[PDB]
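S.K.: According to this note's numbering, the sequence shown is numbered sequentially starting from 52.
All C-beta atoms in this analysis are idealised placements derived from N, C-alpha and C, irrespective of residue type, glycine included.
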Amino acid sequence: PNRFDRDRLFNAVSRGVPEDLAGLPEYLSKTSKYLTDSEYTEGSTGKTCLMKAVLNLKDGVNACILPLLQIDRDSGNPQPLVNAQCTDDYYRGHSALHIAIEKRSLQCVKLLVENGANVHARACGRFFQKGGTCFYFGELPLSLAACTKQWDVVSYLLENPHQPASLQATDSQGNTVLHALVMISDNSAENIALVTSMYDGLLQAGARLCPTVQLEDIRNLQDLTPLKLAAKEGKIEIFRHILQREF
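1) With respect to the alpha helix (DSSP H) encompassing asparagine 242, which residues constitute its N-terminal and C-terminal limits?
2) For the alpha helix (DSSP H) that contains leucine 280, what are its first and last residues?
3) According to DSSP, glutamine 136 sits in a beta bridge with which residue or residues?
4) Roughly how many angstroms lie between the CA atoms of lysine 109 and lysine 98, to the nearest whole one?
5) Is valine 264 helix, strand or coil when you go by DSSP?
6) Using the Cβ count rule (16 or more neighbours within 10 Å means buried), how would you classify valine 133?
7) Within the segment 152-180, note down every full alpha helix (DSSP H) run reaching 4 residues or more, in order along the chain.
8) Does the beta carbon of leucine 278 fall short of 7 Å from some heavy atom of the ligand PLP?
9) Beta-carbon within less than 7 Å of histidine 292's beta-carbon, same chain only, minus the 5 sequence neighbours each way: which residues are those?
10) So, using beta-carbon positions, are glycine 183 and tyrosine 142 closer together than 8 Å?
11) Please identify the residue among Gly67, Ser65, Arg66, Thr92 whose C-alpha is closest to the C-alpha of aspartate 56.
12) Is there a Cβ of chain C sitting closer than 8 Å to that of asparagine 238, yes or no?
13) In terms of alpha-carbon separation, which member of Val64, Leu60, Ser126, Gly189 lies closest to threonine 82?
14) So, under 8 Å CB-CB, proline 192 and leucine 148 are touching, yes? Tell me the CB distance rounded to an integer number of Å.
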């Protein structure tokens, strides 16, 4: 009666009703199964029940998330559910933490990070890379938080007691959050203020958190600093920022 196949599991986290998970711990214990087992993940992408739960936040909330994390912890999973990543070429590296940030749920971000979610995991699949259409934010959780203009989430990622995210982290192409901000910037008057606001906030954070490191001098794998990247990519407004910032 307590048997959970993937359908039951996924359906039982999609509606956000934790009582629908009744019997799951006992079943996993009996069968020596884990929530990260191939039978419990989407075959095409490696999508897990935790990712499903986070994708199904309503009003920032899915009451199934913590129970899943607790079940996984209690099971003693050697490969924690929290850090599972997509395995397909398109969504490669996508994690529950990335989803939580995209959903703009600081509460979910905190829950995941508290439970060990890897703040330097890279969403590096084709969907997440330049260069037709893509959903680019420089692959990293911090960079996603910055590119989506979430200072509260950026702040938490940088300062939390579990795994602080590094301002110096780079994506698969050596792009830091500053490079990512250059990339997502445009030359529109209506959009630049928000971008330059996080940019400046991050530089200020750098002065606090890595004072000896000149973040603007970090070069990506194409040997470009954020300023030189801006110039290359025709990001005139941020290029002008970045130059005139200290005035």
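M.R.: According to the data block:
1) 240-260
2) 277-283
3) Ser146
4) 19 Å
5) coil
6) buried
7) 157-165
8) With respect to small molecules bound, the structure shown includes none, and the ligand PLP cannot be examined in it.
9) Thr247, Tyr250
10) no
11) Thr92
12) Checking the listed chains, one finds no chain C in this structure; it contains a single protein chain.
13) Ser126
14) 5 Å
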